[PDB]
């Protein structure tokens, strides 16, 4: 017998508590997750052509894909009760399980069609032999407003991985259209080599009748991770049965990495997962004019390898160009990375599943958005990918959550001093334009979906803090801190050029009280935003299931000219705290999410933090408390 008293010390072993007793303790209110149970990879999102509603999907309880719908990209509604499942295993093609899938809005019977990985054998992991027929790609059609997906009555449409290729994995199909690919696959190995003649065809490209491409993720044993590319046979937009294989359009050597030291974009690892193919512009998504971007998860491991265990799950992104399939007899087209980085630096952040959100959607119509966007949903595993040291799961009654929907586009950083900080190799940006004096950088833009950001602040209480400058080491409490763990903290930190070489650490302490605190700070030593959770939970000491290791992500603040005078680029911070789900956003190009499971009701204080190394100026600091309820119907 035990009533949850979060004003008293936590019991020694949380796992000895009755089921569902910790259900509300760290559950978010503005995030996407099922009514209960666990949530795995998001997937199968789409805009219903009929209603204009945006459908969101995600694996649930390891027993299929569940769904929800939204008309504003702020509040959601479960497609049904009892789990809200759309499709589950037990069919002829998926007797064992239902893995990730993607949706063609107008496919079979001119309705939303799901191409998903139907599983017939387990286990499946890059570190152990692959069982033939493990993963196949099958079709299902949406029924009753999309509240359910009925499997087509036949075998998989892609019943096997590439011939005689020893794949490590062959799952997570993602569908997309591309003027570039279409053109490259219709010209001559000479008339398609000159980017000139090509562009002429691109300008005349029409999306409506363009064929669909499918990128499948995995790798090849003893060779390396890769993405297998397919497209409706013969480029026939009306062909949903046969998909011609275009080869491994994207591959890397086993455990190789972007850059000469794997500093900015982790490692390619031993296997690719959940690849999404995007075409971004400076305003949003355009399969005709956008640049090719790819988001993916990579599975890593230290040595020695522990078969069936992926010690590292990196949530990466890469940008580059696509060209003809060389002269050799391999892939018909190839993707070459020109820059890469992380979509989210969080250890537990992974398997992002996104989708183009049309300006014609009911969402964009309402918010007055005139362009097409690409919204990405990142997964935040609740138990370190099932490697947690006895997390109190039965006590919590739920596991995992998705992160806030994020808009992806091409971000530009103007007026950047063209120096070594810019010209480094194996980096997460490229020079869009320069004059040897100042340049304009190009990188992946990452922001909270505008409607979600607005809803988070809509009915919130606003409390600002006075501008401040810290030089000597200090921890200064806010003049007034929130009274709950649901708020958005925003702030700008200005650093002196002399801080680059200093051991400076400046930021904030959140979710704090006498016995608990979570520190978020910038560090120049390795140019990273850091989330120290060593003191985050008073319950973690005796409950190793609550991970407390430090989280961090790289963020370079370039030298820029703002008013004729050079200065270190301002660090623009936006930290969203929804209970235990903590998301750190910066300069519209950085994201780091993690779990901050504080125990006490009173751990809501916020404080300025500076280690006394160097100096820091805090500006436009403010806190919006309350957020909102993303699930009104529950």
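Positions refer to the first chain, counted from 1.
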{"property": "Of 208 to 216 and 190 to 198, the stretch whose C-alpha atoms average the higher B-factor in the entry", "result": "190 to 198"}
{"property": "488 to 496 set against 422 to 430, stretch whose average Cα temperature factor tops the other in the entry", "result": "422 to 430"}
{"property": "Out of 456, 237, 448, 315, highest CA B-factor residue", "result": "237"}
{"property": "Top residue by Cα temperature factor, when 241, 82, 537, 79 are compared in the entry", "result": "82"}
{"property": "Third of chain Cα B-factors occupied by residue 155", "result": "lowest"}
{"property": "B-factor third for the C-alpha atom of residue 271 within its chain", "result": "lowest"}
{"property": "Third of the chain, ranked by Cα B-factor, where residue 568 sits", "result": "highest"}
{"property": "Among modelled residues of the same chain, the CA temperature factor third for residue 386", "result": "lowest"}
{"property": "CA B-factor placement of residue 288, once the chain's modelled residues are sorted into thirds", "result": "highest"}
